[PDB]
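Working notes, beginning with the structure itself.
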Amino acid sequence: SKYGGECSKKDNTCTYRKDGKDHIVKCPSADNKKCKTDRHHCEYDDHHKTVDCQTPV
Ligand SMILES: [Cl-]
Ligand SMILES: [Cl-]
């Protein structure tokens, strides 16, 4: 599945909720996937094993 959360601009991480716990994973350093805006929605995609801290709004 895909798991949603919020990104930290300070740390360039995504904190996502999965099975009742929070998990923190680095965002990519790629320009249009990194955490550009603090607390932007982010997702960990467990099908692709990928993270995006600029999920489509
Ligand atoms: Cl937790
Ligand atoms: Cl910000």
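Of all residues in the stretch 25-46, which are within 16 Å of ligand 1 (Cβ to nearest atom) and either exposed (fewer than 12 other Cβ atoms within 10 Å of the Cβ) or under 17 Å from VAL57 (Cα atoms) (or both)?
Listed by number, the list holds a single entry, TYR44.
Take the conditions in a strand (DSSP E or B) and either in contact (Cβ under 8 Å) with a residue 12 or more places away in the chain or among the aliphatic types (A, V, I, L, M) (or both) and apply them to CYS14. Does it pass?
yes
Across the stretch 47-57, which residue is surrounded by the fewest Cβ atoms within 10 Å (Cβ to Cβ) among those that are in a strand (DSSP E or B) and not charged (D, E, K, R)?
So the residue we want is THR50.
Scan the stretch 17-41 for residues that are of a type in the set (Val, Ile, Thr) and part of a loop (DSSP other than H, G, I, E, B) and jot them down.
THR37
Note that each Cβ is placed from the backbone with ideal geometry, even for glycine, and that neighbours are counted across all protein chains shown. A short reminder: the numbers here are calculations on the coordinates, not readings from a lab.
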